[PDB]
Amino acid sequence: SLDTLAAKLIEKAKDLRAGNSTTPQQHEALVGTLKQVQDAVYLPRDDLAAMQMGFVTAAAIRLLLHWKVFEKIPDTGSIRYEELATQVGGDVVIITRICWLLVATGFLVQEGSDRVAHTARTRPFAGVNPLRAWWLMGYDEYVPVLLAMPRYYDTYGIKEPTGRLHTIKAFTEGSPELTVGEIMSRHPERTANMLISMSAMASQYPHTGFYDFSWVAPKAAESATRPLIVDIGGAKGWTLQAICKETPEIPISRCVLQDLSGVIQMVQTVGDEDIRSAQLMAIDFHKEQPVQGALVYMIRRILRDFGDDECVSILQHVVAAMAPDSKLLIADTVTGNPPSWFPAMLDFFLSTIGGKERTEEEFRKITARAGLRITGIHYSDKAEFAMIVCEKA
């Protein structure tokens, strides 16, 4: 309510004066309560005006990023608009107007009518880091594709976009005959920025803590030979390291990390010693699963990027390699009907590359097509992200 929002501000204010730390939980609660109140108080005209303001604050930030203006505002203190203008080599009038939008929305602050300064909300824009890279990737790589969606669906029909080709992204780029990866390989600066972005999203879903892997331990004791955990598209092997740290009775030396040649090579070169002890293998999971009869095959945050038919192709290569008692673990969001806001947002972005966040029913359908049955779903505490346990039907 308005009053509980006021209570949370009074609390924050006292804890700052007392120099104590706002927890992530208290911050979330404060922001959540603000949102509840705005949703109760704002009329439709307020909702839509706030949305349009969002467009222009993002454009203003983008334009100042383009002009390298955030780099020139000092970390603390302030800089005269005229000095900014001289250092950019542009007109002080337009630079000041752009800054004023950000002052009116609390991104920047003025110190006297002549000078501008950062807030905590703009310091990430003053240099290279993952939030800024992620911000630029979303704005430059996705916003034009979102604008292109009505034209896309006019062209292809009102149909779920499910292919690796003719994605909304590739359509927007002008090369629908290419995959998104092929398009990005033609764009080295955009890829570089994306690589930094890519690291941030991976870090924010849990690798362990919500599923018991220790049942692999007795098999490792019975069999000296059977491969234990195969991580398909495991990247730099962070998941395998986390599992074997959590349960040291699972020898990482009997696990298998599969990815692209370039990623495996970087693991072999600068990967830590535990992961380098695992069996590393370059594969194409669209065409093959080379490890036969492993106890566990894991597919983490991969199926969300593909349509059903492509997921069933990946899955069936694994099922052909599975022994009768193998498990196939899919780590991915099992979205609700209806979904919560963060997976619902991710799903909307995934539609531009042919993927989606599936419901439990949708996962049942694709695993059954691959000859699997889901025997358990173990949810983490983060936005319906779950371990889906599958065995041969």
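Don't overthink the numbering: it's just position in the shown sequence, from 1.
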Per the entry, where is the mean C-alpha temperature factor higher: 22-30 or 37-45?
22-30
Quick one: higher average CA temperature factor, 305-313 or 70-78?
70-78
For the listed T167, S277, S214, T96, which has the peak Cα B-factor recorded in the PDB entry?
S277
Maximum C-alpha temperature factor per the entry, among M149, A320, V267, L178, belongs to which one?
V267
Could you tell me which third, lowest, middle or highest, the C-alpha B-factor of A393 occupies within its chain?
highest
Would the CA B-factor of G163 place it in the lowest, middle or highest third of its chain?
lowest
By the entry's values, the third containing the CA B factor of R369 is the lowest
What third of its chain's C-alpha B-factors does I10 belong to: lowest, middle or highest?
middle
Per the entry's values, where does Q292 land by CA temperature factor relative to the rest of its chain, in the lowest, middle or highest third?
highest
